[PDB]
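Presented below is the structure to which this report refers.
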Amino acid sequence: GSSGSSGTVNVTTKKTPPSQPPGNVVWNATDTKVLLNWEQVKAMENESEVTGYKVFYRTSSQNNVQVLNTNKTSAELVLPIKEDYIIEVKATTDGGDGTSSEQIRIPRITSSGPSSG
């Protein structure tokens, strides 16, 4: 087909997100879960505050990443079944989603011999 572009004024509606991604996005692996943790995001004046975040977790590849609702600065996922895990934290507000932090790299379960003695 074809495409074009010109531009046309417009108006605004509803508040807007901070756009600031959650930092200190740390993770962990214990027992049989993934303890995720990341700082909080506070929107400036007018900006919409963060009421929650979206934990975007997907395999080293995956087709469509999934979203997990979390009304906190932490989260808990399931152990990675082979292939690295690309986790992305997104700060959502009353307006909608926000920005996605830095994809997390979680390597599968090591490959060592259990019961050593």
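Just so we're on the same page: first chain in the structure tokens is A, next is B, and so on; residues restart at 1 for each chain, and ligands are numbered from 1 in the order they show up.
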
Taking 6 positions as the minimum chain separation for residues in the same chain, which residues sit within 10 Å of range 22-33 of chain A when counting only C-alpha atoms? Answer as an MDAnalysis selection string.
chainID A and resid 39:42 53 73:80 87:91 98:106 109

Prev. selection, C-alpha atoms, output as a compact mmCIF listing (two decimals), in the first residue's frame:
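Result file follows (part_25.txt):
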# COMPACT_ATOMS: atom_id res chain seq x y z
CA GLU A 39 12.00 0.69 43.86
CA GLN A 40 8.87 2.82 43.75
CA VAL A 41 7.84 5.46 41.25
CA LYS A 42 6.33 8.75 42.35
CA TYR A 53 3.05 -2.19 38.44
CA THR A 73 7.00 -2.85 44.72
CA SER A 74 7.66 -6.57 44.78
CA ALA A 75 6.38 -9.69 43.05
CA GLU A 76 6.69 -13.46 42.92
CA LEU A 77 7.02 -15.54 39.77
CA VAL A 78 7.68 -19.20 39.07
CA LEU A 79 11.09 -20.75 38.51
CA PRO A 80 12.41 -20.40 34.95
CA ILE A 87 11.38 -9.76 33.23
CA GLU A 88 10.15 -6.21 32.77
CA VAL A 89 8.67 -3.99 35.45
CA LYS A 90 6.12 -1.42 34.35
CA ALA A 91 4.58 1.29 36.51
CA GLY A 98 4.00 3.47 32.25
CA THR A 99 7.60 2.72 31.36
CA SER A 100 9.39 -0.62 31.46
CA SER A 101 12.58 -0.83 33.48
CA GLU A 102 15.60 -2.79 32.33
CA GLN A 103 14.80 -6.34 31.28
CA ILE A 104 15.95 -8.80 33.90
CA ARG A 105 18.14 -11.76 32.99
CA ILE A 106 17.39 -14.87 35.01
CA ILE A 109 18.44 -23.72 37.04

Please identify all polymer residues within 12 Å of residue 96 in chain A, counting only C-alpha atoms, omitting same-chain residues fewer than 5 positions from it, and present them as a count of residues only.
16

If you count only C-alpha atoms, which residues fall within 9 Å of residue 83 in chain A, apart from same-chain ones fewer than 6 positions away, as number ranges by chain? A: 59-61, 106-108

Among A:34, A:115, A:55, A:65, residue 97 in chain A is approached most closely, using only C-alpha atoms, by A:55

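The two atoms in question, CA of residue 86 in chain A and CA of residue 58 in chain A, are spaced 5.1 Å apart.
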
For the structure I just gave you, how does DSSP split range 8-113 of chain A - specifically, which residues are strand (DSSP E)? Reply as an MDAnalysis selection string.
chainID A and resid 29:30 33:37 50:59 66:70 74:78 85:93 104:106

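Restricting the calculation to only C-alpha atoms, the smallest distance between residue 82 in chain A and any of A:11, A:56, A:110, A:70 is found for A:110.
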